[PDB]
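curious how this folds, go ahead:
(one chain, ligands or ions: 1)
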Amino acid sequence: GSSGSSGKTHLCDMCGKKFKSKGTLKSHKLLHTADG
Ligand SMILES: [Zn+2]
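Numbering: from 1, shown residues only. Take a look:
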């Protein structure tokens with residue numbers, strides 16, 4: 001996970017996926033928190 005650039009577009013530094021809305025990025029983020 002590399003810290004990206006402060007961009008409105010909800011960007012995921014965990015994998016590198018960009019989203020327009022939050023709810024979308026959220027559900028996608030939860031997936032990352034699997035092992036932990
Ligand atoms: Zn991600």
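
residue 17 touches residue 27, doesn't it?
No. Judged on CB atoms under 8 Å, residue 17 makes no contact with residue 27 at a distance of 11.5 Å. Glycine gets a C-beta too; all of them are placed from N, C-alpha and C.

same drill for the two, tell me which one is more crowded.
Legend: neighbour count by other CB atoms under 10 Å for residue 17 and residue 27, higher for residue 17 (14 against 10).

report the contact partners of the nearest residue to that one once chain neighbours are set aside.
Counting by CB to CB, 6 or more residues apart in numbering, residue 28 is the residue found nearest to residue 17 once chain neighbours are left out, at 6.3 Å. Shown in contact with residue 28 (CB atoms under 8 Å, 6 or more residues apart in numbering): 12, 17, 19.

near the ion, which residues of this protein are found?
12, 14, 15, 17 (CB under 5 Å from the ion).

and those, which two are furthest apart?
14 and 17 (8.2 Å; CB to CB).

quick check: the residue nearest the centre of the chain vs residue 33, distance?
Nearest residue to the geometric centre of the chain (CA atoms, centre = their mean): residue 12, 2.6 Å. Distance of residue 12 to residue 33, given as CB to CB, to the nearest Å: 12 Å.

rewinding a little: quick check: phi and psi on the residue nearest to residue 17?
phi -70, psi -30 (degrees, to the nearest 10).

then residue 18?
Torsion angles, degrees, to the nearest 10, at residue 18: phi -110, psi 140.

quick one: neighbours of it, just the number.
The burial count for residue 18: 11, using other CB under 10 Å.
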